[PDB]
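Notes to accompany the following structure.
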2 protein chains.
Amino acid sequence: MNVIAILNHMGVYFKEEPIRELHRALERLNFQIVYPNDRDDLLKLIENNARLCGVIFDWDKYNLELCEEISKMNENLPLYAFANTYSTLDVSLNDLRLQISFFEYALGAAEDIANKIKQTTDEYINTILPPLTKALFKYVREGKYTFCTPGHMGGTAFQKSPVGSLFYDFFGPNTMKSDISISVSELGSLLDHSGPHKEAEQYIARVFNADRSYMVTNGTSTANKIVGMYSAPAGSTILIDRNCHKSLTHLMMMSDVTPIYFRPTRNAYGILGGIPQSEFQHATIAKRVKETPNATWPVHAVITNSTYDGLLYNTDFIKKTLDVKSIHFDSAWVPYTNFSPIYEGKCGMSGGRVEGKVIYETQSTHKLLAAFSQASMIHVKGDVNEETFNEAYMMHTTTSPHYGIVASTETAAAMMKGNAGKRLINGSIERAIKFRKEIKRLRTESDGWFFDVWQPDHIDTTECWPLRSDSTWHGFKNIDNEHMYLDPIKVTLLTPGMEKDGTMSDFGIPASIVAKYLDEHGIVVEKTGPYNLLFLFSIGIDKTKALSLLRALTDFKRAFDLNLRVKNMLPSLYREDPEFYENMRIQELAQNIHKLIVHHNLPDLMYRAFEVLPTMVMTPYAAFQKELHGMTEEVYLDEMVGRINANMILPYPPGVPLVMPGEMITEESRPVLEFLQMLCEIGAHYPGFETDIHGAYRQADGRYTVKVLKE
Amino acid sequence: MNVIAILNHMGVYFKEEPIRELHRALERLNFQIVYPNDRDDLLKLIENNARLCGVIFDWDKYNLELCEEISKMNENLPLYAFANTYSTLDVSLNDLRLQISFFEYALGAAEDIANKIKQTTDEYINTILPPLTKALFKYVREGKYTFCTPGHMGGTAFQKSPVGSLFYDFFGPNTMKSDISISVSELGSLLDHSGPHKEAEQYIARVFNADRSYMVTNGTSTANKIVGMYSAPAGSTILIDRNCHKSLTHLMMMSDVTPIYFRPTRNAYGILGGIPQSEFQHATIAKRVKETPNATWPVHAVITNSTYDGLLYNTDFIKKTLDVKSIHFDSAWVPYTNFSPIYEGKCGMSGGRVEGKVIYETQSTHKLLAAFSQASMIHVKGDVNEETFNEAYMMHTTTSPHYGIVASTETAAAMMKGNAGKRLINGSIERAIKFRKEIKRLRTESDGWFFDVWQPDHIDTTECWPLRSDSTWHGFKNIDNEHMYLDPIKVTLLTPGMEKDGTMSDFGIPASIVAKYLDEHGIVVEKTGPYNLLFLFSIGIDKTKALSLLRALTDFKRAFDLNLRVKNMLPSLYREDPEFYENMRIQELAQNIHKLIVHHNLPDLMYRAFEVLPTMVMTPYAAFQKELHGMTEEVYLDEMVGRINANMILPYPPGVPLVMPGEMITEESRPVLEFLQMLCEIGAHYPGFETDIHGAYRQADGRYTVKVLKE
């Protein structure tokens, strides 16, 4: 905030020489001065920037509707109207409700005007800032010597070493002084929820429409642990989504709990869809309790809302009909929910306080909002035992947190209050929708093949487009109406190779080549399956990045039709093994990997492997207990049927836990083994496209091993 | 189509004198010529008008993106690019896909260019017109003498009488020649579905996404009769909404059928809400079948979708779970459904062909679309007996229809194909939403009281806003989530008098005074209840009418705060009885009618009267049979308990059938009698606010009579 914009030169002297004196005084007060030519120049200057902290304009040539337009753009922005001809009498109430401060044109009075402008800018900065970030900035500005942890003590240890000086010159001084610990008593403490921290969690609670809100400093991988260790005591039972994270599996291995796994649907692409409506009612839950050993009525439920590919649920249905005392939504990919009414009825915090149960939501703030990594939140909705749940939160977090992460966690919510946050969210959603409309437009504009995007055939409104059973763009057969809602900002491109009914085509490009090409040209894809990409259109995405992406896709199309060699187009993949990719064209490589997928029948195996659940011999807690006692042997992959698995098997494709720790692959679940063997067989042909299975360990001969339990 | 717009004067002569010669030739060919100054002038000229049928522009100073923008505005509009400097080579495919015809700058060649322009305009007119309207216009243009019915024979009977000449000079010649009969063999016949008529019903079937579409010429009051006489044979049973029309009651009195009445919800305002989700499942339907005499499983269902106040249903739920073989949606108030994806999943024709049942929808085209009155449609979805249903359609319609109504019925759908219809529907919805946003804005801007509008507290997106159980703006208690969707274009204003929880305030204005004031100032309200208005924001509404309405509301507020006399402000109500309204102020009148509502407790009685169903002694067909035999006596209102009603009682407020023909008011339904007596008691005090009950007949002494059956 040092940019203060003065409107145009009227022409007469008595209201220009005071303006030039104020210019000189403001430059003396370390303010950059910009000179927009007219009104629309000011509108564009304010929307394209954010460092602007003041507008000076004459109240004669520009009326007070150029206070209201800026108010629609930013409510808290100070503007400085200069009163010459309009008297006191010419002011309405709506002018008085805006951030304007009136001044006069007097020669030699520029010093007091500049001091008042500096004070107003300071008030604006101290108004828009959240309280803990405000206090941290104040503490760094009054920077005191310290004799406490951390050891760098304001980064003055990095000023006395060469590699330390490189680190210090990279990061800069303010992010070294911002790292302090709980010994600084004026900032309170995260662990005890005191002072500026307590004001911060109350601020987070207002913003996100939650009763009590927490600010985790390790991540939602730890927030899931906190929620599932509070609400699910040992010996109890949980309803965990099979579409889960590794963190929930880790939680189940720490705690002595027992699962019933929900059964999500999926298409031939490998996109993890959702649980049908039948598996949230009392009948199916009671049945699955009945045929699970050592199982009682579930006391907690964990649901991934949304999925990895951005499929929201009808959460009002869930909160009405799921008859458990605590429903947890692992909303790691949807933290931005409250800030656009598009997502109404699509999170745990949507709607009011539900009766008889506590709704948890564990937004991963760093993922889609603007926050530093390892930042997360736990929003609750209901009544919880305050000391027990506070102690459970204290149990998993560290004792001396990184205050940069905490300040970023709060500043992410502070970016969403007012009109600026609504403008951010609506701009991101509208940009995502416009990108979707041209990618379907360029599909019908181009010749031959082009990238498809997995979205409804007619989208033109800003809403979460519901997945209807009467349409076939999604691919989930016999899907329930109003249970799924596509998130517009998680754009999933598609590549040729798949037909609409689910069978495979002949000409195709698997998405690994497209992702590697985009990585070569300096744009990064989130994660790819066999024939899909994913692009997070968060609040950071502007039209520069969107156009560069669209124009990396087009250059890939041109380079693939021209059929350039692997050496020229993909040097990063060429360097994987130059002997192999020396005389190979890209069309031959794409055709070869596509034929390896087709002949081995990848999508049918990937479907039929996840439509059958492995037999739960013992709870994953018992599997971890037997793993700790050294009762694990590494049998080869083929002889794994009838054996209890000790470590989780997580195959890419698709990215969802296939075999849990403690489950047996029986003869009824042989397509699981066929899929694993097929994936190992196809991954050992072409370098750079190596097999990515978390749990299976590569040997030298080419056959993988899985840690199973001894007999 | 006679307006052809030429872009600006370049300056050089060789491309101006041919343009002036083409100007002269086009004026010789009876084309009005407009001269927009530059590009944005042309954009505004095209959006503000529709009679423009051609743009002539130079291909040098204006590129071909000013073909694409006009294409987004109107796809079929002919434009005439003049090629001078850009050669053949400078044309892309997207230019070739547009309606441009290229010409050259040659002196003396303006005659052939003007003839080609006239031919292109004729092609454009014959392209955008629907086939039957095209053939009717062609027949009138080639206007032949006739010796057949109708008797005016092209309106030449009105040219020979003074009052006939007044009628002819009012209507004009083209709407007299357009009225012909089936004797003109080249237009086919509506009754037999032949020729241009058959092409018209197939055109209607494409447009509205229906299998077979019919075009009724009496109205949906007859279309309901057609559907319920085909699908519901005599001796069978129907599931008719209690929120029905008079036409459905008339249908039930013609046919020997038996009802189970659905039970809609309602708020304290008197707005007819909707049926809960529980009354569409098999259990409640089987129960209500079991305790109804002479009743079997229902073979047809009739549902008013939407209601009178624009509350759409989740029709996918209905078409999945309502286990009847034919579901009829009386969509008289929502005919515009297909033309914006906002209404997806909110009509009978939404989604695909449902299995095992036929979905009827009977859009009243004249109501919200642009069509002449008594126009209606019957869209089916499924398989019906073609000859039996065609004979049922022939049974109720006339034999010689008004071809103006038929042409208007088809032209209403023809207004919705292309980009112009989508622009109409989206403009109407956006205008409705913007009106809603300022009426809530002016509520918080004004002093004291202001008009409220019955809508969610936060609306900023173009969607049907769902009625959520976690909010209280609607007033329907314990409402089911995603069953109701507010239609944005049926704006229901509210007046002071009601609190948010349902109880009455002290200061209030009943909506009759506001409606009468608006009628005095030349704007018409659709229909009013006790404290609500209704404004149809159809495709006809532009911002002129919206601003005039908002500014009749504001002038009423100013005149009510100033407390003008009834004589000056409401002369039309003053003339009702000048002796009574001589020395009365408007605040006293509003306070008096509000106190009459409060002391008699109108909303509680209006609620408790419709929460209790009158006892069905006999089917309404039997009631009509006993009414025809002269077995009806007129007992007074107070002694009507224990008596079988012969004629329907339809009280205003609210506008929904309260007592059906053939039903008895028992001691369990005494609040019905209390509500009727209260309404008669309050309507006999203030003139001009007389009691509007259809069925109860006013006597001279002041006590009403209802035709009941003899004992």
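FYI, nothing fancy with the structure tokens labels: chains A, B, ... in order, residues from 1 per chain, ligands from 1 as they appear.
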Excluding same-chain residues fewer than 2 positions from residue 567 (chain A), what lies within 10 Å of it counting only C-alpha atoms, as a PDB file with N, CA, C and O atoms, in the first residue's frame?
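out-v9.pdb, written as the output of this step:
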```pdb
ATOM      1  N   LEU A 564       6.630 -34.819 -34.724  1.00  0.00           N
ATOM      2  CA  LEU A 564       8.018 -34.534 -34.407  1.00  0.00           C
ATOM      3  C   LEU A 564       8.627 -35.680 -33.609  1.00  0.00           C
ATOM      4  O   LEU A 564       7.926 -36.474 -32.977  1.00  0.00           O
ATOM      5  N   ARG A 565       9.952 -35.761 -33.640  1.00  0.00           N
ATOM      6  CA  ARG A 565      10.648 -36.811 -32.918  1.00  0.00           C
ATOM      7  C   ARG A 565      10.631 -36.537 -31.418  1.00  0.00           C
ATOM      8  O   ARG A 565      10.414 -35.410 -30.965  1.00  0.00           O
ATOM      9  N   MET A 569      11.107 -32.819 -29.304  1.00  0.00           N
ATOM     10  CA  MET A 569       9.944 -32.275 -28.616  1.00  0.00           C
ATOM     11  C   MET A 569       9.994 -32.529 -27.114  1.00  0.00           C
ATOM     12  O   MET A 569       9.606 -31.665 -26.323  1.00  0.00           O
ATOM     13  N   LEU A 570      10.488 -33.696 -26.698  1.00  0.00           N
ATOM     14  CA  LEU A 570      10.541 -34.070 -25.287  1.00  0.00           C
ATOM     15  C   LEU A 570      11.979 -34.413 -24.915  1.00  0.00           C
ATOM     16  O   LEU A 570      12.321 -35.595 -24.764  1.00  0.00           O
ATOM     17  N   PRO A 571      12.850 -33.410 -24.759  1.00  0.00           N
ATOM     18  CA  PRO A 571      14.216 -33.703 -24.305  1.00  0.00           C
ATOM     19  C   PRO A 571      14.286 -34.221 -22.882  1.00  0.00           C
ATOM     20  O   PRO A 571      15.187 -35.015 -22.579  1.00  0.00           O
ATOM     21  N   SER A 572      13.367 -33.808 -22.004  1.00  0.00           N
ATOM     22  CA  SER A 572      13.352 -34.320 -20.640  1.00  0.00           C
ATOM     23  C   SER A 572      12.994 -35.797 -20.589  1.00  0.00           C
ATOM     24  O   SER A 572      13.486 -36.511 -19.710  1.00  0.00           O
ATOM     25  N   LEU A 573      12.152 -36.265 -21.504  1.00  0.00           N
ATOM     26  CA  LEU A 573      11.891 -37.689 -21.638  1.00  0.00           C
ATOM     27  C   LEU A 573      12.949 -38.382 -22.482  1.00  0.00           C
ATOM     28  O   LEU A 573      13.185 -39.582 -22.305  1.00  0.00           O
ATOM     29  N   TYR A 574      13.591 -37.643 -23.391  1.00  0.00           N
ATOM     30  CA  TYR A 574      14.716 -38.180 -24.149  1.00  0.00           C
ATOM     31  C   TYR A 574      15.877 -38.550 -23.239  1.00  0.00           C
ATOM     32  O   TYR A 574      16.524 -39.580 -23.448  1.00  0.00           O
ATOM     33  N   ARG A 575      16.149 -37.731 -22.228  1.00  0.00           N
ATOM     34  CA  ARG A 575      17.251 -37.969 -21.308  1.00  0.00           C
ATOM     35  C   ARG A 575      17.003 -39.134 -20.359  1.00  0.00           C
ATOM     36  O   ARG A 575      17.926 -39.514 -19.631  1.00  0.00           O
ATOM     37  N   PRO A 578      18.463 -42.168 -23.676  1.00  0.00           N
ATOM     38  CA  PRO A 578      18.670 -41.698 -25.057  1.00  0.00           C
ATOM     39  C   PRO A 578      18.833 -42.804 -26.083  1.00  0.00           C
ATOM     40  O   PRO A 578      18.572 -42.564 -27.267  1.00  0.00           O
ATOM     41  N   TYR A 581      14.904 -43.762 -27.061  1.00  0.00           N
ATOM     42  CA  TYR A 581      14.114 -42.724 -27.713  1.00  0.00           C
ATOM     43  C   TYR A 581      14.883 -41.997 -28.806  1.00  0.00           C
ATOM     44  O   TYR A 581      14.584 -40.832 -29.097  1.00  0.00           O
ATOM     45  N   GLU A 582      15.872 -42.645 -29.416  1.00  0.00           N
ATOM     46  CA  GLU A 582      16.708 -41.964 -30.398  1.00  0.00           C
ATOM     47  C   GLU A 582      15.971 -41.762 -31.716  1.00  0.00           C
ATOM     48  O   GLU A 582      15.898 -40.642 -32.234  1.00  0.00           O
ATOM     49  N   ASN A 583      15.411 -42.834 -32.267  1.00  0.00           N
ATOM     50  CA  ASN A 583      14.774 -42.812 -33.578  1.00  0.00           C
ATOM     51  C   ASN A 583      13.290 -43.147 -33.489  1.00  0.00           C
ATOM     52  O   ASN A 583      12.761 -43.912 -34.296  1.00  0.00           O
ATOM     53  N   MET A 584      12.602 -42.579 -32.505  1.00  0.00           N
ATOM     54  CA  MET A 584      11.184 -42.828 -32.303  1.00  0.00           C
ATOM     55  C   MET A 584      10.395 -41.539 -32.476  1.00  0.00           C
ATOM     56  O   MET A 584      10.761 -40.496 -31.926  1.00  0.00           O
ATOM     57  N   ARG A 585       9.323 -41.613 -33.253  1.00  0.00           N
ATOM     58  CA  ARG A 585       8.417 -40.492 -33.427  1.00  0.00           C
ATOM     59  C   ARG A 585       7.363 -40.499 -32.324  1.00  0.00           C
ATOM     60  O   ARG A 585       7.144 -41.504 -31.646  1.00  0.00           O
ATOM     61  N   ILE A 586       6.707 -39.352 -32.143  1.00  0.00           N
ATOM     62  CA  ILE A 586       5.728 -39.248 -31.068  1.00  0.00           C
ATOM     63  C   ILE A 586       4.456 -40.030 -31.385  1.00  0.00           C
ATOM     64  O   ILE A 586       3.835 -40.600 -30.477  1.00  0.00           O
TER      65      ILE A 586
END
```
**OP:** Tell me the residues of chain B close to chain A, meaning within 6 Å using only C-alpha atoms, as a PyMOL selection string.
**Re:** chain B and resi 351-352+470
Subject >> Polymer residues at most 12 Å from residue 499 (chain A), only C-alpha atoms, same-chain spacing of 5 or more positions, as a PyMOL selection string >> reply: chain A and resi 267-269+452+472-473+475+494+504-508+531+603
Original post:
Any idea what's packed within 7 Å of residue 535 (chain B), counting only C-alpha atoms, ignoring anything in its chain fewer than 3 positions away? Could you give it as a list in words?
Top reply: residues 490, 491, 492, 525 and 526 of chain B
Next, dump the selected residues to file, keeping only C-alpha atoms, as a compact mmCIF listing (two decimals), in the first residue's frame.
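Result written to out33.txt:
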```
# COMPACT_ATOMS: atom_id res chain seq x y z
CA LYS B 490 -42.77 -14.33 -10.92
CA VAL B 491 -41.94 -11.57 -8.46
CA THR B 492 -44.21 -11.59 -5.40
CA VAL B 525 -51.15 -6.35 -11.16
CA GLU B 526 -51.85 -10.00 -12.01
```
Original post:
Hey, what's within 12 Å of residue 106 (chain A) if we count only C-alpha atoms and toss same-chain stuff fewer than 2 positions away? As a ChimeraX atom specification, please?
Top reply: /A:13-22,82-84,103-104,108-113
Original post:
With distances taken over only C-alpha atoms, which of B:489, B:81, B:546, B:708 is nearest to residue 428 (chain B)?
Top reply: B:489
**OP:** DSSP on the backbone, then: every residue of region 331-419 of chain A marked strand (DSSP E), written as a ChimeraX atom specification.
**Re:** /A:358-361,376-381
